[PDB]
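Visitor: Supplied in structure tokens, the structure appears directly below.
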Amino acid sequence: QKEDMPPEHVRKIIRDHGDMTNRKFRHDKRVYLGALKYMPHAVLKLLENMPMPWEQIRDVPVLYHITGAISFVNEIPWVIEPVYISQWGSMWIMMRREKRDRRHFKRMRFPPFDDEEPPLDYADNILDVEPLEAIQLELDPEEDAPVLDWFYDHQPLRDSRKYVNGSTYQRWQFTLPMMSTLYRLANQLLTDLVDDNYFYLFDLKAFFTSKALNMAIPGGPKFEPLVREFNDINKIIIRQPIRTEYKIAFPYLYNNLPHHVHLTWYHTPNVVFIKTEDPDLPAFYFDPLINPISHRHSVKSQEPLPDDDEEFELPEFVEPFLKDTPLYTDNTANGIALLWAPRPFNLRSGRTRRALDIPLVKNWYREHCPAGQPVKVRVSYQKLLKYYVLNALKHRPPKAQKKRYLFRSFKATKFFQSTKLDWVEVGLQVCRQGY
Amino acid sequence: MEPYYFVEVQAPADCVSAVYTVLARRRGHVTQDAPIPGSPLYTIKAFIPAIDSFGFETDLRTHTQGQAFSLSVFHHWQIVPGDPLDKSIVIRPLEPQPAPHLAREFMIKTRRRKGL
Amino acid sequence: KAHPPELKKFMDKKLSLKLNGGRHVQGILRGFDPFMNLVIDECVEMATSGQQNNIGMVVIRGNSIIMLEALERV
Amino acid sequence: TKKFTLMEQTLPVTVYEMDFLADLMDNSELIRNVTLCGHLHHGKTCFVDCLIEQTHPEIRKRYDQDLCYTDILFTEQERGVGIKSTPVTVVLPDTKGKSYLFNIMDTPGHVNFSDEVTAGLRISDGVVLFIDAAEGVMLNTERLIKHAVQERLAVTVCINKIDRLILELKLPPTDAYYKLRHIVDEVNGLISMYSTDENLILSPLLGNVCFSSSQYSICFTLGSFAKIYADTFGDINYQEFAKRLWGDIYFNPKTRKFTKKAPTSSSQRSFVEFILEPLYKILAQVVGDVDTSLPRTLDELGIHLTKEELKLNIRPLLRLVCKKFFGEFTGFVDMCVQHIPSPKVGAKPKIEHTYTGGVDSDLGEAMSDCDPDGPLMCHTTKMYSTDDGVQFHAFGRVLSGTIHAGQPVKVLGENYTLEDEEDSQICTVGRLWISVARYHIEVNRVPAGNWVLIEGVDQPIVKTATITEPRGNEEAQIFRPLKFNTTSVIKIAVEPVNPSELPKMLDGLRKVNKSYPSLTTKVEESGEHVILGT
Amino acid sequence: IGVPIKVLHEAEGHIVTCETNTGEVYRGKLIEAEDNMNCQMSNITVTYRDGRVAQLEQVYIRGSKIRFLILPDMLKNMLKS
Amino acid sequence: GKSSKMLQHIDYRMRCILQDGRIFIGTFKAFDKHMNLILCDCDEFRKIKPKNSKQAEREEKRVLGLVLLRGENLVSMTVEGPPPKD
RNA sequence: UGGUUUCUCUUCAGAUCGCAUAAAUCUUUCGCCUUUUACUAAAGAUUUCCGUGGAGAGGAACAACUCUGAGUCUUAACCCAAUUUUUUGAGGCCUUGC
Ligand SMILES: Nc1nc2c(ncn2[C@@H]2O[C@H](COP(=O)(O)OP(=O)(O)OP(=O)(O)O)[C@@H](O)[C@H]2O)c(=O)[nH]1
Ligand SMILES: [Mg+2]
Ligand SMILES: [Mg+2]
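For the protein sequence lines, the chains are S, Y, H, V, U and C, in the order given.
As numbered in the numbering used here, residues -7 to 427 make up the first sequence, in order.
As numbered in the numbering used here, residues 267 to 382 make up the second sequence, in order.
As numbered in the numbering used here, residues 105 to 178 make up the third sequence, in order.
As numbered in the numbering used here, residues 119 to 652 make up the fourth sequence, in order.
As numbered in the numbering used here, residues 131 to 211 make up the fifth sequence, in order.
As numbered in the numbering used here, residues 649 to 734 make up the sixth sequence, in order.
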């Protein structure tokens, strides 16, 4: 296999090819312009791996050209989803706590360096300097114990075979205290909706049906038309004004010509989940939010009572099955809380996702909103709903091709080596290379 | 005579007040408002008209954010409170006629429909 | 196991009992145990001669019971 | 393609039987025609999916899906309703092992679709009511209690979704027992109000009312749980033990026997302890203890999960543990076979409400005998559509005689009377289909008592009619037309857009009139089409 | 519990033939079959060792004193074992 | 050890000898602890087990069908012919 | 009964996926509108790209085994002797049939 190279190699190549004015490097001038056509892909792989405000330094695998023509970041950011949502919820908490507790927040100057100022050398200027502590909320050592060792690492439980597989970092298996702690760390970014009966008319198929017609929804998306002696007004009782969402709820019965219409899922059994406040109360007790029973009936029915002198006695080696085990532990109510929880938190185990594919704010623009809000954010929620519905509509399935693997084809050649560099050094390289 | 429907609504406690409002806005007369035993939801059993029962379900789930849930069955027939034969009452073209002459309005509309 | 024979249906009914040795008796079922030993009341021995003689209430050991037939409807 | 009826592609991998189905069809007392009704989706569909997932192995496994062996359309499979009353037939055993034959009419649960439930209910002799634990007695539950009382059938409720007591309401065991007892008491009250008869009172000790959660495939009756309890332990008589479990009955741990009050030292019932306590042990140790102390619990239950099975999510793991602990769905088979009067007995009270004449000395005894011979008669009531074809099959049950393929058919209509033979006409059987919900399989003959699809008689059968032998001196009446729970009130005026295709629209209107049993499509004096619905 | 016993219970409700230890032959409907082979039957035809027949409404034969039973062929189609 | 001695002959056609001296020939499909036997397509012989008796091979043969024999009354079994394929 | 991390290649997979969501071409319409790009907002027909699965082959290796969990001659003491079975109410005799 082609192996890793010392990280000083690409550093000296980039540094000797300074601005390509030496006569000694006049044969590599042609290759840098050739590498110009792959600068957008290098930019994409660069910014895809940006290091995540709870990280001081990220070391990325770098695929570089042997003349220093271009530096790629040969890595995909797999970020296991409960950990990523918990870390950004922790970021949300620390940022609100920092913004309220700071006398003056000085905003950065946005062209940070000057125009005639040459870019800094990475080597001295940043290899010497200490990295200035990241955000990293202080975790309770007793309450947040199964998370505290690994929570602000790069790819947290990567080198332990019990919680993930290997270093491809593709599958994860957690224990329920970990899921409970990660689920309560993410509450600032999550919702309180246990069932989707909230989304009766405000769901996806309803918005498809609204796109099919010219109808909009009061908090929903607005679209463009897709189609562009019987109904006598003396012969029709207008008893109730036909409210417009009837055309969504029952599309055939309320419209003429329902073409390209989608059917709607209209009811789920209302999930009644009693959220327990404090651990002093047991796992399952009769909560005072539930209406009592109070058995009452008219005449006692003759339900069978096999009386005495039935002489049926149980033998000695029989008991209730699991009376040896206790009725509940400290982790039972937490697991029942985990059963009604959003998609990453209702599960023990899953596949790792990319950092791109986790929308932290998606459940916020998917819900309709309390009217006291400004006009601005109402239009914004409506527009984000429009973008989501246009995503869900025009979803052609993945179209199974032959996989291409561009970077595996570059590093099979004799012109690319591979190393491991700090992300800031690669970003300074990519900027100098584009210049 | 007018048909009425029997409606059961399953709803939370403030949603019961919401159902009371919406169902009262359709000539309702709520029959029963008992809570459900062993559950934090309430059952609202009520009558409703059948000309007033076009979209009550959808309006209810709109106004309760999908918490209440309504089902409706036919069981009933009672008198429309208007005088069905009256020539003093002049009916407007489109405007919804009040309770004193709904029977005259309905008879005129069904007369113009087929029978003439 | 240690099962009962399913004979409650036949309790207090008149029965015809075929026993080993080509022996036959008739009487009313008054009870039984898991071995199929029977209590038969108003029992009558049906002698091979054809003659029948009243023997009263008796115990038949289930061991020697070949077959029984109800003379009633169950 | 003009097919939207979801993949018939007939390949049942059911457990070695193909002939055994038709052999139990020929026994005529070993067949149970049950229908399943409830207020709304109370798990009736998932439940039958669990029964079939029991039945058919090596395929028929679902992760967050399936539950569509009633839900086989595409508008049906996206709305959430089951709009059609898709029947199914299976053979599945009892606690003992004598495998019965079950014809399940899997009805809807919506108030607007009472037609389907009624038409299934008139063709089957027993009804199974599903009440959600966390709901209680509801609107359509009361309506179907009415309609079950009216058309003279056996009655059994079955409390489904009992997990919602455990995992959603999080009730204590004794409070949950109080809630279940309240549900049973309300069922008995609603029955006692309506039925003049009194020999139908349901109680868990009697064996008819069952307990079965069905996202996780629990199903026990008192007999079935006592069967499990005695199969693990020694030689307890599980019927007599099951007799003494429900209802204010306490276990004295020194005298080792069941009393009515005698330990009053804040104890619990025999049901509460023996049933609900280890059940909540299983539930809690799965949903909160899976990593810590679950295999310790499994080794005390004889449940061996493999390494790959122990790494599932909590819902598939809970379903798998409850499947390996409860096994087959034989408590349901107990409450069926002990309380469905399989159609020897079923003949008489049904025929004394369907048939126009009555008990009388020609037809009545011929029906009540119900041997697969004699004066060939039927009652088809449902009209199920094919995928592409205009033709749509009739569905009914053979009362007397048999049906052969190619045997011609006199379709006695309902506008027919005895001295008016102009309505009835003659056909010939195209094909005989018997269905496992999307598995349609052909038979050469169908004997008495069994359900059957008929191909080729579809032109005279508007909603209700009776099949008889052609040109045979057997003269008989019709069965009564269908009394409905609701009367069709909502009137809709209807007219086409383009007036050049009135005949094709009247054709399709006649087809949907024939398809739904309460659709009323008539033309009033002004010449505008009028559709009455529910 | 034995494999043949399960198959016997399966024949409950079917017409079966039974020969005793003494060679009397009983044909009719099997109502109940116990674990020990105790057999309740109805509407019987009995064929004695001399060849003569008789008719009985209701019978019950002890398992031990049964030589064998003939069951329908409807059952033949427990092939796992 | 193996338990196979019965399981080997399963599905085969088998000649079974009863305590009264009858010969039951059928397809051996199942057995149990007591040696209660399940015999498909079973016939009974009385007079002989033929080894090609030039006069005739078969006298007092009776077709029985599906037979369950109680083990109490079984004496012995030998292989009569191979399994029918069906 | 042979571990499982990891790297590369080949092949096949998208009718409920990748529980995420870009861009391009063509053909019809539009909508603004000096004209062309660059566009708007739809429809349909196609592609590219960022990622994924199943299977097979091969390598990399600081990194894992053969009286072992039981087997085709050896480890579950319990399927080992009061009527419902693996311990006989047996014993005796005689007639009929090629
Ligand atoms: N909590 C819980 N939910 C269940 C159970 N079984 C099914 N469900 C859910 O309850 C809803 C109704 O189930 P279905 O069987 O699809 O509906 P149905 O009860 O057949 O009623 P119809 O749709 O009218 O036939 C579905 O969303 C099921 O997933 C259960 O055992 N427990
Ligand atoms: Mg359903
Ligand atoms: Mg020009």
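The beta carbon of each residue, even a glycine, is placed where N, CA and C say it ideally should be.
1. Give me the Cα-Cα distance between residue 557 (chain V) and residue 221 (chain V), rounded to the nearest whole angstrom.
2. How is residue 164 (chain V) classed by DSSP in three states: helix, strand or coil?
3. Return the chain-ordered list of same chain residues with a C-beta closer than 6 Å to the C-beta of residue 503 (chain V), the five sequence neighbours on each side being excluded.
4. Would you say the beta carbon of residue 162 (chain V) is closer than 8 Å to some non-hydrogen atom of ligand 2?
5. Verify the contact flag: residue 193 (chain U), CB atom, against every heavy atom of ligand 2, threshold strictly below 8 Å.
6. Suppose you measure from the CA of residue 526 (chain V) to the CA of residue 498 (chain V); what does that come to, to the nearest Å?
7. Please go through the stretch 272 to 346 of chain S and give each complete alpha helix (DSSP H) segment of 4 or more residues, from N-terminal end onward.
8. Does the CB of residue 374 (chain Y) have a neighbour CB from chain V at under 9 Å?
9. Check the Cβ-Cβ distances between residue 385 (chain S) and every residue of chain V, and say whether any is below 9 Å.
10. Looking at the C-beta of residue 276 (chain S), does it have a partner C-beta in chain Y at a distance below 9 Å?
11. Could you tell me the alpha carbon to alpha carbon distance between residue 166 (chain V) and residue 193 (chain U), rounded to whole angstroms?
12. Could you tell me which chain Y residues have their CB closer than 7 Å to the CB of residue 252 (chain V), listed as they occur along the chain?
13. Assign residue 458 (chain V) to one of three DSSP states: helix, strand, or coil.
14. Helix, strand or coil for residue 83 (chain S) per DSSP?
15. Going by DSSP in three states, residue 752 (chain C) sits in which element: helix, strand or coil?
16. Indicate whether the contact test is met: 3 or more Cβ pairs, each with one atom in the stretch 49 to 62 of chain S and one in the stretch 90 to 100 of chain S, closer than 8 Å.
17. Under 9 Å, Cβ to Cβ, is there at least one residue of chain V near residue 381 (chain Y)?
18. Going by the CB atoms, is the gap between residue 331 (chain Y) and residue 190 (chain S) shorter than 9 Å?
19. Just the chain U side, please: which residues come within less than 7 Å of residue 718 (chain C) by C-beta, in chain order?
20. Can you give me the Cβ contacts of residue 78 (chain S) inside the same chain, cut-off strictly under 7 Å, excluding the 5 residues immediately before and after it?
21. Can residue 188 (chain V) be considered in contact with ligand 2, in the sense that its beta carbon sits closer than 8 Å to one or more heavy atoms?
22. What is the rounded straight-line gap between the Cα of residue 402 (chain S) and the Cα of residue 61 (chain S)?
23. If you check the beta carbons only, do residue 714 (chain C) and residue 206 (chain U) fall under 9 Å apart?
24. Beta-carbon of residue 274 (chain Y) versus every beta-carbon of chain V: anything under 9 Å?
25. Rounded to whole angstroms, what is the Cα-Cα separation between residue 379 (chain V) and residue 323 (chain V)?
26. Compute every distance between the C-beta of residue 229 (chain V) and the non-hydrogen atoms of ligand 1, then say whether any falls below 8 Å.
27. Between residue 146 (chain H) and ligand 1, is there a pair consisting of the residue's CB and a ligand heavy atom that are separated by less than 8 Å?
28. Sorry if obvious, but does the Cβ on residue 159 (chain V) come closer than 8 Å to a heavy atom of ligand 2?
29. Which of the three DSSP states is assigned to residue 485 (chain V) in this structure?
30. Within the same chain, show all residues whose beta-carbon is closer than 7 Å to that of residue 114 (chain H), passing over the 5 residues directly before and after it, in chain order.
31. Report the option in S:245, S:377, S:390 whose CA atom is closest to the CA atom of residue 214 (chain S).
32. Please report the residue range of the beta strand (DSSP E) in which residue 324 (chain Y) lies.
33. Please report whether the beta-carbon of residue 302 (chain Y) lies at a distance below 9 Å from any beta-carbon of chain V.
34. Report yes if the C-beta distance between residue 310 (chain V) and residue 319 (chain V) is below 9 Å; otherwise report no.
35. Hey, does residue 326 (chain S) have any beta-carbon neighbour from chain V nearer than 9 Å?
36. List, in order along the chain, the chain C residues whose C-beta lies closer than 7 Å to that of residue 203 (chain U)?
Guide: Let me lay it out:
1. Numbered from 1 along the fourth sequence, position 439 holds the residue referred to as residue 557 (chain V). Numbered from 1 along the fourth sequence, position 103 holds the residue referred to as residue 221 (chain V). Cα to Cα, residue 557 (chain V) sits roughly 14 Å from residue 221 (chain V).
2. What you label residue 164 (chain V) is simply residue 46 of the fourth sequence in a count that begins at 1. If DSSP states are grouped into helix, strand and coil, residue 164 (chain V) belongs with the helices.
3. The sequence position of residue 503 (chain V) within the fourth sequence is 385, counting from 1. Cβ neighbours of residue 503 (chain V) beyond the five flanking positions: 510.
4. The count along the fourth sequence starts at 1 and reaches residue 162 (chain V) at position 44. Checking every heavy atom of ligand 2 against the Cβ of residue 162 (chain V), one is found closer than 8 Å.
5. One-based indexing of the fifth sequence puts residue 193 (chain U) at position 63. Because no heavy atom of ligand 2 lies under 8 Å away, the Cβ of residue 193 (chain U) does not count as near it: no.
6. Within the fourth sequence, numbered from 1, the residue matching residue 526 (chain V) stands at position 408. Within the fourth sequence, numbered from 1, the residue matching residue 498 (chain V) stands at position 380. Taking the straight line from one Cα to the other gives about 16 Å.
7. 324 to 331
8. Taking the first residue of the second sequence as position 1, residue 374 (chain Y) is located at position 108. No - not a single Cβ of chain V is within 9 Å of the one on residue 374 (chain Y).
9. For the purposes of this step, residue 385 (chain S) is identified with residue 393 of the first sequence, where counting begins at 1. Proximity of residue 385 (chain S) to chain V, defined by a Cβ-Cβ separation below 9 Å, is not satisfied.
10. Here the question's residue 276 (chain S) lines up with position 284 in the first sequence. Output row for residue 276 (chain S): interface = no.
11. Within the fourth sequence, numbered from 1, the residue matching residue 166 (chain V) stands at position 48. Within the fifth sequence, numbered from 1, the residue matching residue 193 (chain U) stands at position 63. The alpha-carbon atoms of residue 166 (chain V) and residue 193 (chain U) are separated by roughly 39 Å.
12. The residue you call residue 252 (chain V) lines up with position 134 of the fourth sequence. Within 7 Å Cβ-Cβ: 305.
13. Reading the fourth sequence from its first residue, position 340 is the one you call residue 458 (chain V). Residue 458 (chain V): coil per DSSP, three-state reduction.
14. The sequence position of residue 83 (chain S) within the first sequence is 91, counting from 1. Of the three classes helix, strand and coil, the one that applies to residue 83 (chain S) here is helix, per DSSP.
15. This structure does not reach residue 752 (chain C), given that chain C is present from 649 up to 734, and the question cannot be answered.
16. With the rule of 3 Cβ pairs closer than 8 Å, the stretch 49 to 62 of chain S does not count as touching the stretch 90 to 100 of chain S.
17. As a working note, residue 381 (chain Y) is residue 115 in the second sequence. It does; some Cβ of chain V falls within 9 Å.
18. Sequence index remark: in the first sequence, residue 190 (chain S) carries index 198 (1-based). Sequence index remark: in the second sequence, residue 331 (chain Y) carries index 65 (1-based). In contact: residue 190 (chain S) and residue 331 (chain Y) (Cβ atoms closer than 9 Å).
19. Residue 718 (chain C) sits at position 70 when you count from the first residue of the sixth sequence. By Cβ distance, chain U contributes 167, 196, 197, 198.
20. As a first step, residue 78 (chain S) is located in the first sequence; it is residue number 86 there, counting from the start. Only 174, 177, 178 meet the Cβ criterion.
21. Translated into the one-based positions of the fourth sequence, residue 188 (chain V) becomes position 70. Correct: residue 188 (chain V) has its Cβ closer than 8 Å to ligand 2.
22. Reading the first sequence from its first residue, position 410 is the one you call residue 402 (chain S). Reading the first sequence from its first residue, position 69 is the one you call residue 61 (chain S). Rounded to the nearest angstrom, the two C-alpha atoms are 13 Å apart.
23. Residue numbering aside, residue 714 (chain C) sits at position 66 when the sixth sequence is read from its first letter. Residue numbering aside, residue 206 (chain U) sits at position 76 when the fifth sequence is read from its first letter. It is a contact, given that the beta carbons lie within the stated cut-off.
24. Within the second sequence, the letter at position 8 stands for residue 274 (chain Y). Taking Cβ atoms only, chain V reaches closer than 9 Å to residue 274 (chain Y), which makes this a yes.
25. By 1-based counting over the fourth sequence, the position of residue 379 (chain V) is 261. By 1-based counting over the fourth sequence, the position of residue 323 (chain V) is 205. Those two C-alpha atoms are separated by around 18 Å.
26. Walking along the fourth sequence from the start, residue 229 (chain V) turns up at place 111. Checking the Cβ of residue 229 (chain V) against ligand 1 gives no.
27. For this step, residue 146 (chain H) is matched to residue 42 along the third sequence. Answer for residue 146 (chain H): no, Cβ out of range of ligand 1.
28. Numbered from 1 along the fourth sequence, position 41 holds the residue referred to as residue 159 (chain V). Checking every heavy atom of ligand 2 against the Cβ of residue 159 (chain V), one is found closer than 8 Å.
29. To locate residue 485 (chain V), count along the fourth sequence from 1; it is residue 367. The answer is helix: DSSP assigns residue 485 (chain V) an H, G or I state.
30. Here residue 114 (chain H) corresponds to residue number 10 of the third sequence, with the count starting at 1. Cβ within range, chain order: 133, 174, 178.
31. For the purposes of this step, residue 214 (chain S) is taken as the residue at position 222 of the first sequence. When only C-alpha atoms are compared, the closest one is S:377.
32. Numbered from 1 along the second sequence, position 58 holds the residue referred to as residue 324 (chain Y). Note, residue 324 (chain Y): premise wrong, no beta strand (DSSP E); alpha helix (DSSP H) at 322 to 329.
33. Residue numbering aside, residue 302 (chain Y) sits at position 36 when the second sequence is read from its first letter. Yes, residue 302 (chain Y) counts as interfacial toward chain V.
34. As a first step, residue 310 (chain V) must be located in the fourth sequence, where it is residue number 192. As a first step, residue 319 (chain V) must be located in the fourth sequence, where it is residue number 201. A contact, by the Cβ cut-off of 9 Å.
35. Mapped onto the first sequence, residue 326 (chain S) falls at position 334. Judged by the 9 Å Cβ criterion, residue 326 (chain S) is in contact with chain V.
36. Locating residue 203 (chain U) in the fifth sequence gives position 73, where the first residue counts as 1. The answer, in chain order, is 713, 714.
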